[PDB]
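Engineer: This is the structure I have questions about; it appears just below.
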Amino acid sequence: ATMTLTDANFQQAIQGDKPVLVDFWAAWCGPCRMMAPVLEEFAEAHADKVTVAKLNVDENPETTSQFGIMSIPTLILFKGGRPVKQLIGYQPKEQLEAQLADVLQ
């Protein structure tokens, strides 16, 4: 199961001190379907390391205004209330797995 963050728990979650890859996506989005199954397989890949969380920026609009999430999908890794790496668009699971290997270690 992937994690599911939400406006209130979102910032209280990341700002503590915890590796969490927040996935910003929407059910009305077009090219988020491309990486849709790699993201759920991404939680199958590392699993005991990556918290692949899910914010609906449609439903929860507070953090999308802070960062300015202008084009979903948008993956951002937070380790201690600070996005170490923002990458967006379609990125294969192979691009993801090497990208997140650096920050998770």
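How things are named: the first chain in the structure tokens is A, the next is B, and so on; residues count from 1 in each chain; ligands count from 1 in the order shown.
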Do you know which residues are at most 8 Å from residue 15 (chain A) counting only C-alpha atoms, after dropping those on the same chain fewer than 4 positions away, and could you put them as a VMD selection string?
Structural biologist: chain A and resid 11 80 to 82
Engineer: Need to verify the contact set: residue 74 (chain A), 7 Å, only C-alpha atoms, exclusion of same-chain residues closer than 6 positions in sequence. Can you return it as a list in words?
Structural biologist: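 Once the adjacent positions are removed, what remains is residues 23, 24, 25, 87, 88 and 89 of chain A.
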Engineer: What parts of chain A does DSSP call strand (DSSP E or B)? I'd like the answer as a list in words.
Structural biologist: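 So, restricting chain A to strand (DSSP E or B), we get residues 20, 21, 22, 23, 24, 25, 52, 53, 54, 55, 56, 74, 75, 76, 77, 78, 83, 84, 85, 86, 87 and 88 of chain A.
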Engineer: Return the single residue from A:57, A:20, A:36, A:52 that is closest to residue 103 (chain A), with distances computed using only C-alpha atoms.
Structural biologist: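 The answer is A:20, which sits nearest to residue 103 (chain A).
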Engineer: Enumerate, as a PyMOL selection string, the complete set of residues in region 1-103 of chain A that a backbone-based DSSP assignment places in helix (DSSP H, G or I).
Structural biologist: chain A and resi 7-14+32-45+62-67+93-103
Engineer: Write the residues of the selection above to a file with N, CA and C atoms, as a short mmCIF file (atom, residue, chain, number, x, y, z; two decimals), in the first residue's frame.
Structural biologist:
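The resulting file, out-v3.cif, is shown below:
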data_model
loop_
_atom_site.label_atom_id
_atom_site.label_comp_id
_atom_site.auth_asym_id
_atom_site.auth_seq_id
_atom_site.Cartn_x
_atom_site.Cartn_y
_atom_site.Cartn_z
N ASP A 7 -3.65 17.63 2.96
CA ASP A 7 -3.31 18.99 3.42
C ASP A 7 -2.76 19.10 4.84
N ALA A 8 -3.51 18.64 5.83
CA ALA A 8 -3.08 18.83 7.22
C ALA A 8 -1.93 17.90 7.61
N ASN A 9 -2.10 16.61 7.35
CA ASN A 9 -1.04 15.66 7.68
C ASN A 9 0.16 15.82 6.75
N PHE A 10 -0.05 16.39 5.58
CA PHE A 10 1.04 16.58 4.63
C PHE A 10 2.22 17.31 5.26
N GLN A 11 1.98 18.52 5.73
CA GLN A 11 3.09 19.33 6.22
C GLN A 11 3.54 18.86 7.60
N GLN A 12 2.61 18.41 8.42
CA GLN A 12 3.01 17.81 9.69
C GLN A 12 3.79 16.51 9.47
N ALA A 13 3.59 15.86 8.34
CA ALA A 13 4.34 14.65 8.04
C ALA A 13 5.77 14.97 7.60
N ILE A 14 5.91 15.79 6.58
CA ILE A 14 7.24 16.02 6.02
C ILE A 14 8.12 16.85 6.97
N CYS A 32 -0.21 11.70 -16.24
CA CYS A 32 0.11 10.99 -15.00
C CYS A 32 -0.21 9.50 -15.13
N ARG A 33 -1.08 9.13 -16.07
CA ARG A 33 -1.33 7.71 -16.31
C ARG A 33 -0.07 6.98 -16.79
N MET A 34 0.84 7.69 -17.44
CA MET A 34 2.06 7.05 -17.91
C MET A 34 2.82 6.42 -16.75
N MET A 35 3.19 7.22 -15.77
CA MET A 35 3.91 6.67 -14.62
C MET A 35 3.01 6.11 -13.53
N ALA A 36 1.71 6.05 -13.77
CA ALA A 36 0.82 5.53 -12.73
C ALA A 36 1.24 4.15 -12.22
N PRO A 37 1.45 3.14 -13.06
CA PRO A 37 1.81 1.81 -12.55
C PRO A 37 3.26 1.68 -12.13
N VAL A 38 4.15 2.55 -12.59
CA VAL A 38 5.53 2.47 -12.07
C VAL A 38 5.60 2.99 -10.64
N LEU A 39 4.75 3.95 -10.30
CA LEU A 39 4.74 4.48 -8.94
C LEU A 39 4.26 3.45 -7.94
N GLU A 40 3.24 2.69 -8.29
CA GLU A 40 2.78 1.64 -7.39
C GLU A 40 3.78 0.47 -7.36
N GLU A 41 4.47 0.24 -8.47
CA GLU A 41 5.56 -0.73 -8.45
C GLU A 41 6.80 -0.17 -7.74
N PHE A 42 6.87 1.14 -7.61
CA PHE A 42 7.99 1.77 -6.90
C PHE A 42 7.92 1.47 -5.41
N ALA A 43 6.71 1.51 -4.88
CA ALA A 43 6.50 1.06 -3.51
C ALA A 43 6.73 -0.44 -3.37
N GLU A 44 6.67 -1.18 -4.46
CA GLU A 44 7.05 -2.59 -4.40
C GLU A 44 8.57 -2.76 -4.48
N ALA A 45 9.27 -1.80 -5.07
CA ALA A 45 10.71 -1.97 -5.28
C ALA A 45 11.48 -1.76 -3.98
N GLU A 62 -3.34 23.35 -0.30
CA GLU A 62 -2.50 24.24 0.51
C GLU A 62 -1.04 24.13 0.13
N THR A 63 -0.54 22.92 -0.08
CA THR A 63 0.88 22.77 -0.41
C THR A 63 1.17 23.03 -1.88
N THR A 64 0.20 22.84 -2.75
CA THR A 64 0.42 23.17 -4.16
C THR A 64 0.59 24.67 -4.36
N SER A 65 0.02 25.48 -3.48
CA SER A 65 0.26 26.93 -3.57
C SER A 65 1.63 27.31 -3.00
N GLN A 66 2.12 26.56 -2.03
CA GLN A 66 3.41 26.90 -1.43
C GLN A 66 4.55 26.65 -2.42
N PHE A 67 4.61 25.45 -2.97
CA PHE A 67 5.66 25.15 -3.94
C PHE A 67 5.34 25.75 -5.31
N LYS A 93 10.44 3.92 -14.05
CA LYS A 93 10.86 3.35 -12.76
C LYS A 93 12.38 3.22 -12.68
N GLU A 94 13.02 3.03 -13.82
CA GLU A 94 14.48 2.95 -13.84
C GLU A 94 15.12 4.31 -13.55
N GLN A 95 14.49 5.38 -14.00
CA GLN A 95 14.98 6.72 -13.68
C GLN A 95 14.71 7.04 -12.21
N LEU A 96 13.51 6.70 -11.78
CA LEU A 96 13.13 6.85 -10.38
C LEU A 96 14.04 6.06 -9.43
N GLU A 97 14.28 4.79 -9.72
CA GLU A 97 15.00 3.95 -8.76
C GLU A 97 16.43 4.44 -8.52
N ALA A 98 17.09 4.93 -9.55
CA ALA A 98 18.44 5.48 -9.35
C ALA A 98 18.39 6.86 -8.71
N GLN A 99 17.41 7.65 -9.11
CA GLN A 99 17.22 8.97 -8.51
C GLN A 99 17.00 8.88 -7.01
N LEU A 100 16.09 8.01 -6.60
CA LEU A 100 15.76 7.90 -5.19
C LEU A 100 16.82 7.11 -4.41
N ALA A 101 17.59 6.26 -5.07
CA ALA A 101 18.66 5.57 -4.36
C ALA A 101 19.65 6.54 -3.72
N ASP A 102 19.94 7.65 -4.38
CA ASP A 102 20.88 8.62 -3.81
C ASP A 102 20.34 9.23 -2.52
N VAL A 103 19.09 9.66 -2.55
CA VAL A 103 18.53 10.38 -1.41
C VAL A 103 18.09 9.46 -0.28
#
